[PDB]
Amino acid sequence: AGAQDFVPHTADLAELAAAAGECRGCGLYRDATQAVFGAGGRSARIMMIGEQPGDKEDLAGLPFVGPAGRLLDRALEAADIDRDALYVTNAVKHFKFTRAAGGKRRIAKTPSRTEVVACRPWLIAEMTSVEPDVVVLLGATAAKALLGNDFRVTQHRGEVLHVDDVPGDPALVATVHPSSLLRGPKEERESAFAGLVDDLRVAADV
């Protein structure tokens, strides 16, 4: 059942966000500081979904406020997407992490399929409340939550997809995770940013 028993019968994002602070749907609530719900309004045409809040998001209470958020904003700007048209969230709402002695941060640990399924009720409540025209899936974790554990983003990036089992039959565009555009050689990171901007343009045009 996961988080399903904790999700209230309401589409109000403020009430949903408050209830998510009380969620015990998986074990991630324990070590995490707080729940990081999505940001934006129900008028949004474009929903974007990442994997999970990171270290800054965990303490800031908001999604994409770190370096990946900076690179996403750089790409949204290049695709002329207004953030007024955006509801932005993640597949899990609790930071899963570890600490490496001598590190400068708490390190994100990849969510399990069990944690992603436990938390999908919140993502369904968000899609039901926002009724997006298009869902942008940022990375493998977010894309598998809605397209299956077998889905490969590398093979389907920038394709307009539609699955019948998804609420509202919104179009789905899967793309690379913005954190991937931080690591690597200059011209690959640049090629990768250009691919992200194309994927955002496809979604803005849906």
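A residue's number is simply how far along the shown sequence it sits, counting from 1.
Taking only CA atoms, the mean B-factor in the PDB entry is higher for 167 to 175 than for the other of 167 to 175 and 48 to 56. Stretches 28 to 36 and 148 to 156 differ in mean CA B factor, with 148 to 156 having the higher one. Highest CA B-factor among the listed residues (115, 133, 126, 84): 84. Remark: of 92, 88, 100, 72, 100 shows the highest value [criterion: C-alpha B-factor in the PDB entry]. Placement of the Cα temperature factor of residue 20 within the chain: lowest third of the modelled residues, per the deposited record.
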